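Taken together, the values in this text are just the output of simple stated rules run on the coordinates, not laboratory data. Reconstructed Cβ throughout: ideal geometry from the backbone, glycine too, with neighbour counts over all protein chains shown.
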Amino acid sequence: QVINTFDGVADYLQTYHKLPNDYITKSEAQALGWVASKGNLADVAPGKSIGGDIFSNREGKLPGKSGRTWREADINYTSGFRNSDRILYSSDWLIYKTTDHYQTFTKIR
């Protein structure tokens, strides 16, 4: 039910080409009552993590291709304020990780 680690998610993405069922976008989350400054995501959407939004890369920290879109998902989230862990996945399925809020990324896939 909750796939939120870098190998589990990497996994799921590669096989299903979509995020597991416990991910919702910032938008859906706001729709449910999340108020970032309150750190209450887990109170309005228990078991969910933020994920699925476009990640821009206009800074080219990630390999680019004309036509490639990047998406991100929060990793290791249980509750509270958001952490520094993220999964970055492309259109054409390259998978990267960041543990320092996009300071650096590592190829996973």
>> Tell me yes or no: at least one residue of segment 3-11 is among the aliphatic types (A, V, I, L, M), touching a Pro at 6+ places or on another chain (Cβ under 6 Å) and at negative phi.
In response: yes
> Counting only residues that are part of a strand (DSSP E or B), without any contact (Cβ under 8 Å) to a residue 60 or more places away in the chain, of a type outside the set (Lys, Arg) and under 17 Å from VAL2 (Cα atoms), how many does segment 76-108 have?
Replying inline: 0
> List pairs: first in segment 1-15 and touching a residue at least 12 places away in the same chain (Cβ under 8 Å) and surrounded by fewer than 16 Cβ atoms within 10 Å (Cβ to Cβ), second in a loop (DSSP other than H, G, I, E, B) and among the charged types (D, E, K, R), Cβ under 7 Å, 6+ apart or cross-chain?
Replying inline: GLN1/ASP22; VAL2/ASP22; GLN14/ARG109
> In segment 35-75, which residue that is polar (S, T, N, Q) and not in a loop (DSSP other than H, G, I, E, B) is farthest from the chain's Cα centre (by Cα)?
Replying inline: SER37
>> Pairs please, first residue from segment 34-62 and charged (D, E, K, R), second anywhere and assigned to a strand (DSSP E or B), Cβ atoms under 6 Å, 6+ apart in sequence or on different chains.
In response: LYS48/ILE24
